[PDB]
Amino acid sequence: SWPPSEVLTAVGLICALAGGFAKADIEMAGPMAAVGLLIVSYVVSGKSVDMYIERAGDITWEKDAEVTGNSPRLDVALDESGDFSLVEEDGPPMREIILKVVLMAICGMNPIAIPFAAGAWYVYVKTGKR
């Protein structure tokens with residue numbers, strides 16, 4: 001149950017992780033920069049496939065196809081019916097979810113790596129995956 005759409009979610013998260021290393025973990029990094037990396041890793045990890053699988057295990061959302069006992073899916077899409085497949089229609093606003101991903105991070109720790117990851121995160125969410 002892992003359509004090619006996985007690549008879009010992979011690249012997004014990977015790009016964020018790459019940004020996480022910006023002026024960090026380079027043997028010249030400060031403690032703060034190291035934290036910057038860890039912050040990015042944390043936020044990215046929360047959106048990993050593994051975490052999505054765990055989410056599916058505890059799925060409660062009636063609108064989410066996974067609730068029917070289907071294998072975890074990434075391929076968010078809008079159907080002809082108007083139904084948003086694998087989207088929490090009854091969940092928090094997408095805007096708040098997108099912001100949350102970024103807001104969880106602290107730019108003060110690494111004014112480079114963090115906002116770089118934020119860029120990648122803004123791209124990631126374009127998949128519609130929450």
# chains A, B, ... in the order shown; residues from 1 in each chain; ligands from 1
>>> residues_around(residues="residue A:22", least_positions_apart="6", cutoff="10 Å", atoms="only C-alpha atoms", output="JSON, numbers by chain")
{"A": [29, 33, 34, 36, 37, 110, 111, 112, 113, 114, 116, 117]}
>>> write_last_selection(atoms="N, CA, C and O atoms", output="compact mmCIF listing (two decimals), in the first residue's frame")
# COMPACT_ATOMS: atom_id res chain seq x y z
N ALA A 29 30.29 23.28 14.77
CA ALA A 29 28.97 23.74 15.19
C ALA A 29 28.94 24.04 16.69
O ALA A 29 29.64 23.39 17.47
N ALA A 33 23.42 25.12 17.42
CA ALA A 33 23.28 24.57 16.08
C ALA A 33 22.97 23.08 16.12
O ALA A 33 22.18 22.58 15.33
N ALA A 34 23.60 22.38 17.06
CA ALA A 34 23.34 20.96 17.26
C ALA A 34 21.88 20.72 17.64
O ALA A 34 21.25 19.78 17.16
N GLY A 36 19.45 22.76 16.88
CA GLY A 36 18.73 23.05 15.64
C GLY A 36 18.51 21.79 14.82
O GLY A 36 17.39 21.50 14.39
N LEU A 37 19.58 21.03 14.61
CA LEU A 37 19.49 19.77 13.89
C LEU A 37 18.50 18.82 14.56
O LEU A 37 17.65 18.23 13.89
N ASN A 110 19.09 27.88 15.49
CA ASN A 110 19.85 27.86 14.25
C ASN A 110 19.14 28.64 13.15
O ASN A 110 18.30 28.09 12.43
N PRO A 111 19.47 29.92 13.03
CA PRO A 111 18.73 30.83 12.16
C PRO A 111 18.86 30.43 10.70
O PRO A 111 18.25 31.03 9.82
N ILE A 112 19.66 29.40 10.45
CA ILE A 112 19.86 28.89 9.09
C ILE A 112 19.10 27.59 8.87
O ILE A 112 18.25 27.50 7.99
N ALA A 113 19.41 26.59 9.68
CA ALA A 113 18.92 25.23 9.45
C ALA A 113 17.41 25.16 9.57
O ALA A 113 16.74 24.44 8.83
N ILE A 114 16.86 25.91 10.53
CA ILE A 114 15.47 25.76 10.92
C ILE A 114 14.54 26.27 9.82
O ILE A 114 13.65 25.54 9.36
N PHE A 116 15.29 26.79 6.88
CA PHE A 116 15.55 25.95 5.72
C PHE A 116 14.68 24.70 5.74
O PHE A 116 14.08 24.33 4.72
N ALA A 117 14.61 24.05 6.89
CA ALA A 117 13.70 22.92 7.08
C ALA A 117 12.25 23.35 6.91
O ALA A 117 11.43 22.61 6.36
>>> residues_around(residues="stretch 97-100 of chain A", least_positions_apart="4", cutoff="10 Å", atoms="only C-alpha atoms", output="list in words")
residues 43, 91, 92, 93, 104, 105, 118, 121, 122, 123, 124, 125, 126, 128 and 130 of chain A
>>> closest_residue(among="A:107, A:26, A:11, A:74", to="residue A:50", atoms="only C-alpha atoms")
A:74
>>> closest_residue(among="A:13, A:86, A:120, A:35", to="residue A:49", atoms="only C-alpha atoms")
A:13
>>> atom_distance(atom1="atom CA of residue A:101", atom2="atom CA of residue A:14")
14.7 Å
>>> residues_around(residues="residue A:87", least_positions_apart="4", cutoff="9 Å", atoms="only C-alpha atoms", output="list in words")
residues 63, 64, 65, 76, 77, 78, 83, 91, 128, 129 and 130 of chain A
>>> write_last_selection(atoms="N, CA, C and O atoms", output="mmCIF file, in the first residue's frame")
data_model
loop_
_atom_site.group_PDB
_atom_site.id
_atom_site.type_symbol
_atom_site.label_atom_id
_atom_site.label_comp_id
_atom_site.auth_asym_id
_atom_site.auth_seq_id
_atom_site.Cartn_x
_atom_site.Cartn_y
_atom_site.Cartn_z
ATOM 1 N N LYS A 63 -13.705 9.540 8.490
ATOM 2 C CA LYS A 63 -13.521 9.993 7.117
ATOM 3 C C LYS A 63 -12.283 9.363 6.490
ATOM 4 O O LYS A 63 -12.096 9.417 5.275
ATOM 5 N N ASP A 64 -11.441 8.767 7.326
ATOM 6 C CA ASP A 64 -10.160 8.236 6.876
ATOM 7 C C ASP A 64 -10.265 6.755 6.537
ATOM 8 O O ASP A 64 -10.600 5.936 7.393
ATOM 9 N N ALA A 65 -9.977 6.417 5.285
ATOM 10 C CA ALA A 65 -10.223 5.073 4.777
ATOM 11 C C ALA A 65 -9.565 4.021 5.662
ATOM 12 O O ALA A 65 -10.032 2.885 5.745
ATOM 13 N N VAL A 76 -2.702 10.670 -0.568
ATOM 14 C CA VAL A 76 -3.818 11.594 -0.398
ATOM 15 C C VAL A 76 -4.289 12.142 -1.739
ATOM 16 O O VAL A 76 -3.479 12.540 -2.576
ATOM 17 N N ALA A 77 -5.603 12.159 -1.938
ATOM 18 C CA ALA A 77 -6.181 12.591 -3.204
ATOM 19 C C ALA A 77 -7.619 13.060 -3.023
ATOM 20 O O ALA A 77 -8.299 12.652 -2.081
ATOM 21 N N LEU A 78 -8.076 13.916 -3.930
ATOM 22 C CA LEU A 78 -9.482 14.301 -3.980
ATOM 23 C C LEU A 78 -10.235 13.500 -5.033
ATOM 24 O O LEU A 78 -9.902 13.545 -6.217
ATOM 25 N N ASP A 83 -15.053 13.891 -2.010
ATOM 26 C CA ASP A 83 -14.464 13.412 -0.766
ATOM 27 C C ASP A 83 -12.942 13.461 -0.823
ATOM 28 O O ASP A 83 -12.334 13.006 -1.791
ATOM 29 N N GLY A 91 -10.901 17.134 11.143
ATOM 30 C CA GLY A 91 -9.775 17.441 12.015
ATOM 31 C C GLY A 91 -9.446 18.927 11.988
ATOM 32 O O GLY A 91 -10.194 19.729 11.428
ATOM 33 N N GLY A 128 -0.733 16.967 0.890
ATOM 34 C CA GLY A 128 -2.038 16.878 1.534
ATOM 35 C C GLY A 128 -1.988 15.974 2.757
ATOM 36 O O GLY A 128 -2.941 15.910 3.534
ATOM 37 N N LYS A 129 -0.871 15.271 2.924
ATOM 38 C CA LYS A 129 -0.702 14.355 4.045
ATOM 39 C C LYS A 129 -0.597 15.111 5.363
ATOM 40 O O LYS A 129 0.163 16.074 5.478
ATOM 41 N N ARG A 130 -1.362 14.671 6.356
ATOM 42 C CA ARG A 130 -1.421 15.357 7.640
ATOM 43 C C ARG A 130 -0.753 14.537 8.735
ATOM 44 O O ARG A 130 0.443 14.542 8.844
#
>>> select_by_dssp(residues="chain A", states="strand (DSSP E)", output="PyMOL selection string")
chain A and resi 77-78+84-85
>>> select_by_dssp(residues="chain A", states="helix (DSSP H, G or I)", output="PyMOL selection string")
chain A and resi 6-20+31-46+49-57+65-68+94-103+113-127
>>> write_last_selection(atoms="C-alpha atoms", output="short mmCIF file (atom, residue, chain, number, x, y, z; two decimals), in the first residue's frame")
data_model
loop_
_atom_site.label_atom_id
_atom_site.label_comp_id
_atom_site.auth_asym_id
_atom_site.auth_seq_id
_atom_site.Cartn_x
_atom_site.Cartn_y
_atom_site.Cartn_z
CA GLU A 6 5.62 7.99 -1.25
CA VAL A 7 8.50 9.63 -3.12
CA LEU A 8 6.88 13.06 -2.80
CA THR A 9 6.55 12.59 0.96
CA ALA A 10 10.07 11.17 1.18
CA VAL A 11 11.80 13.99 -0.70
CA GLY A 12 10.00 16.63 1.34
CA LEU A 13 11.13 15.15 4.66
CA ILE A 14 14.61 14.37 3.34
CA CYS A 15 15.07 17.96 2.17
CA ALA A 16 14.12 19.15 5.65
CA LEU A 17 16.71 16.84 7.22
CA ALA A 18 19.34 18.13 4.79
CA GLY A 19 18.51 21.69 5.84
CA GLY A 20 18.84 20.53 9.45
CA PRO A 31 25.59 23.58 21.00
CA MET A 32 22.71 25.68 19.67
CA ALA A 33 23.28 24.57 16.08
CA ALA A 34 23.34 20.96 17.26
CA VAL A 35 19.95 21.51 18.89
CA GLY A 36 18.73 23.05 15.64
CA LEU A 37 19.49 19.77 13.89
CA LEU A 38 17.77 17.77 16.63
CA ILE A 39 14.70 20.00 16.39
CA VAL A 40 14.40 19.33 12.66
CA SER A 41 14.90 15.60 13.18
CA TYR A 42 12.16 15.58 15.80
CA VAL A 43 9.59 17.32 13.61
CA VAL A 44 10.51 15.23 10.57
CA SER A 45 10.33 12.00 12.57
CA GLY A 46 6.78 12.84 13.65
CA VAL A 49 5.99 6.63 7.50
CA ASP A 50 6.59 4.64 10.69
CA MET A 51 4.65 7.21 12.71
CA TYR A 52 1.88 7.19 10.10
CA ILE A 53 1.64 3.42 10.49
CA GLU A 54 1.27 3.86 14.25
CA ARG A 55 -1.36 6.53 13.58
CA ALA A 56 -3.26 4.04 11.43
CA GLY A 57 -3.15 1.54 14.29
CA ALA A 65 -10.22 5.07 4.78
CA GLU A 66 -7.72 3.48 7.15
CA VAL A 67 -10.48 3.33 9.76
CA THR A 68 -11.99 0.44 7.82
CA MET A 94 -4.88 22.42 7.33
CA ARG A 95 -3.44 25.90 7.82
CA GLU A 96 -2.94 25.27 11.54
CA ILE A 97 -1.44 21.84 10.84
CA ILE A 98 1.04 23.30 8.36
CA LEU A 99 2.00 26.09 10.76
CA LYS A 100 2.31 23.62 13.64
CA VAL A 101 5.01 21.68 11.81
CA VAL A 102 7.08 24.85 11.49
CA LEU A 103 6.13 26.47 14.79
CA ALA A 113 18.92 25.23 9.45
CA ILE A 114 15.47 25.76 10.92
CA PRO A 115 13.91 28.12 8.37
CA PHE A 116 15.55 25.95 5.72
CA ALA A 117 13.70 22.92 7.08
CA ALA A 118 10.58 25.09 7.26
CA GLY A 119 10.87 25.62 3.51
CA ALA A 120 11.03 21.87 2.93
CA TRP A 121 8.14 21.39 5.36
CA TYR A 122 6.04 23.90 3.43
CA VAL A 123 6.72 21.75 0.38
CA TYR A 124 6.03 18.47 2.19
CA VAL A 125 2.51 19.47 3.20
CA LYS A 126 1.67 20.07 -0.46
CA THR A 127 1.02 16.33 -0.66
#
>>> atom_distance(atom1="atom CA of residue A:89", atom2="atom CA of residue A:1")
21.6 Å
